[PDB]
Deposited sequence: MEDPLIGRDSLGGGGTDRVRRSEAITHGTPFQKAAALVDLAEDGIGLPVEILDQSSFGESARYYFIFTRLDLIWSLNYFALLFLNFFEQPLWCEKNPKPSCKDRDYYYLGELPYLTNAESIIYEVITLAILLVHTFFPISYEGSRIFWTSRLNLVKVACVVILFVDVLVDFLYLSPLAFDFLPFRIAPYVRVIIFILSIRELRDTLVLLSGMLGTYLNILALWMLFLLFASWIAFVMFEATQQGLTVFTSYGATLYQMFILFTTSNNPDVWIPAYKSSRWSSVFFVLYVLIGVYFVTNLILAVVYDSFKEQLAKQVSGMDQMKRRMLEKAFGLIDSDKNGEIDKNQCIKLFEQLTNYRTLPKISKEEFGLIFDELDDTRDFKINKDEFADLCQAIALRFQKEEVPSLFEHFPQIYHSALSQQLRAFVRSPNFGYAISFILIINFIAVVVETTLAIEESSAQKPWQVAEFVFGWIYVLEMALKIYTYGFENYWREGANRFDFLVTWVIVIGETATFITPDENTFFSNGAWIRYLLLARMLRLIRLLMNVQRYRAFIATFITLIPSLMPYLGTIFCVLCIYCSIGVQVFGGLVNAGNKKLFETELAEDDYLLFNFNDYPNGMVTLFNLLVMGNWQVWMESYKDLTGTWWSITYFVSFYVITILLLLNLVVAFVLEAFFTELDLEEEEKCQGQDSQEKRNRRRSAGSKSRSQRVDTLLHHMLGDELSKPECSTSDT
């Protein structure tokens, strides 16, 4: 019960207790109102997620301008399968979440102090965002009366919801501070890339001037630069230069050289510059956190006898910082009592310790692992069947109980704390409960059986080699969350733009559609006609198989080359920057894991 002890010691503890708490919470990274607001922090978090999720269910703007047919003909408009809110439902949940937001944003005035509240920038920006949302909601509500407005051309709330979400979750804000560091360096390598495309497409344009390649593909410098930009992604390779190769096999040399330089040099040079600037900005950022950590330690200090008394609390300035950092890096945190040591003859009778050693024994692991292999054999045999399967319900139940027992013995040997502190044990816990629930409810099957397959990953987890890769993966998964969230918020902004600009054109009546590559390649459900559909289309533009099919199709559907600016800017922001950041993160992760085991060896030697 750490958090309650901490908050009690902070609010009511004696100065030595307060100091000990301040240092403990430094090691772990009006105070009553702050604690209350922290307890409400779950409510605030869920409200901010619901505030963003409203974008998925709000009815698309183009449905309001009286389409014929109505948007109920989701086949005619190739629309999604999520529902769209009525106006009534939208006004209900928009009102509830805006009211909770106003409460959330202004409640800190009760404890921060107004001079602080207005001196602080993050406050002023959140006040601006909530004001903008209040205005746009009140406008959209007043439009319930036709006297209020005749027409509404555009809507701003879909963007401000995302901004408020970004400003609410600090780790996203610190990721955007990092990114708005490295962006200035990134513009130089982006410029060198552009200048390379310009030159290469000028050479191509001169070289093919009167060939069939010129006359049917490189018809002008602009089309050349565009086709070459696509070919830098290689997505149109070899298709874009087949006419050249038909006219002279030697033409292949120019395109092989262009692809080779583009894919293996420049793409990697951009990656290297992004990786460098990431590493620089991350080291710069973390140094600021270490400095704040010192500021907190200096407060804990300011609040031989003093050293003895602090070490006495530990039994539960430069000297202080050194001692605290040393003991922190040297020693693990204090033990947590079980609920069961209170029973001497139960918990402490040597039969207990003997069973504890047994469950801890290696041969117990050998037994359980062999049983798990047998469970794998059991399920692989069972999936040969689809009433003959009925007896395998017995095997299902038996393995269910076996996992209940294993989990129980695990908590019997590592409590709740050292059990749940291990991510493997957490996965065990979850899959145990879900399958035990399924089986005890049994005693749709084809779908729930995928959980019985999912449990088989334990066979990989046990492997002495792969455990290193799996540990890299398991630490990387939570560590990537804010960068994936940054990408997802950019996708939300881009989808909103797509829904407003391109939504509604992909319908069965638009005869131009059946001229597009979408209708030729059958991609028709990957339209922007609603937010879900745009969101999955944007996943396709991210992995960017066939991505130019959309850029061509919507160029042709809109009739202006400016439609391309959406996909070009999307490529520049997501692929060339943010995803290369994620790549750098994975490389730093694995090499840190290798460095960590190299340190473990060097210190053990």
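Unmodelled regions of the deposited chain, listed from N- to C-terminal end, are 1-15, 45-59, 334-343, 357-384, 455-458, 516-528, 691-733.
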